[PDB]
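First, one chain by itself: the form deposited in one PDB entry, in structure tokens.
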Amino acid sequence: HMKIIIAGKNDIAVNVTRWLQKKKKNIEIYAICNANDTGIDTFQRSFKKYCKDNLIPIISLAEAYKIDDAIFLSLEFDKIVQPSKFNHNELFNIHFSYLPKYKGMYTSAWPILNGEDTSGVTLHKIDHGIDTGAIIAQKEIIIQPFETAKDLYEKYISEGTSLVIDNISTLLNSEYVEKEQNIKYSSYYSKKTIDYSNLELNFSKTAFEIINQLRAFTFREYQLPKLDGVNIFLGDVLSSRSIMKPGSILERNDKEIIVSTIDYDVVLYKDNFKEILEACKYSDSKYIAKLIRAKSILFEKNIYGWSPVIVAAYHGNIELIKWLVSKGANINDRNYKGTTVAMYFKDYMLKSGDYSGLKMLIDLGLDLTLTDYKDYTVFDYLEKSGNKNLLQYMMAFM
């Protein structure tokens, strides 16, 4: 007979809540949404939409203060919570850093900017201050030297979810231990510290710092870094050192811009993502591999959620998908409605007549049991459509 208030947004609020509904069947859940939650799924799920679709009441923070015998759990929530205004003190938060480092804002960029190898997530209490409350549990996170602010954000979402999950019984049962945050090594960045409205690359810096500025600001659904009009998608460092003033453009071609820094010259790769996506329809390994500078651009997505594997799978392109997957791409990658590669390869199989591919993708680890966000498998869509031919063929693989 418990109550929990979940205040926040995105896949973390969604996936924690999914877990609570399945695992704590009889808990009453109340939700608070963030101001900019459009109730529509984008590269993150809408928490508002999830709650509507799954009969979770949506309340105000004002209304939530007046609840008794409820845990409060903030998951990338956007409004200051004032502990005094509840009748208890069971107020909790996931913050996307290894506290007490990187309190405050832009924790997907700042660590990268500062040349960190690691970050973390932290479960702690909400007290009056900004990420000041006592720590309950933490998990260290490795940042690979190629990963972007988006890859890091995605690790935070994943690990933050898991961490809430490994501790939520102890929050609900008051069975948890806390410890006050240390003084030493504490750091905080306000909203002022980056003006995302007015981004500017600083070339009076080292190659390392410049590469890290690129990584820090590479989060496509918001922005890419820009050099004199042109969008950039990562870069590299050369062994040469230009005598030219830092910022000086040494070379330009259609794929890359080379620039002088405080030490080593840096190559900045022009963003060719749309172009790589058009090509993924029918071109082959050779041609695509010739288009690619930063390997990770194969895992990027447009506003619909379409990655290269997805567009390829939708157009038949079997030899590409094999190579994409050898490059580390996900054979069961999904768009922003939960739609899987398998489901894309369906529309082709249907429109072509050629089912000789399907076993190829199965060897590669394709999974037919997967459902989208309306709980529908590929088998459900085929049944619905009347394509018992295609249906029965596919059922053979089970």
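Definition used throughout: the rigid core is the maximal C-alpha set that superposes within 1.5 Å between two forms. All residue numbers are counted from 1 along the displayed sequence.
Here the subject shifts to the form deposited in another entry, a form of this protein not shown in this document.
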* Structure fact -> After a rigid core superposition between this form and the one not shown, the exception among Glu251, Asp166, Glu140, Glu319, its Cα shifting by 2 Å or more, is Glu319
* Asked: C-alpha of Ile262: shift of 2 angstroms or more between this form and the one not shown, rigid core aligned?
  -> no
* Asked: Does the distance between the two CA positions of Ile29 reach 2 Å or more between this form and the one not shown, the core being superposed?
  -> no
* Threshold 2 Å Cα movement between this form and the one not shown for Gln181, core superposed -> no
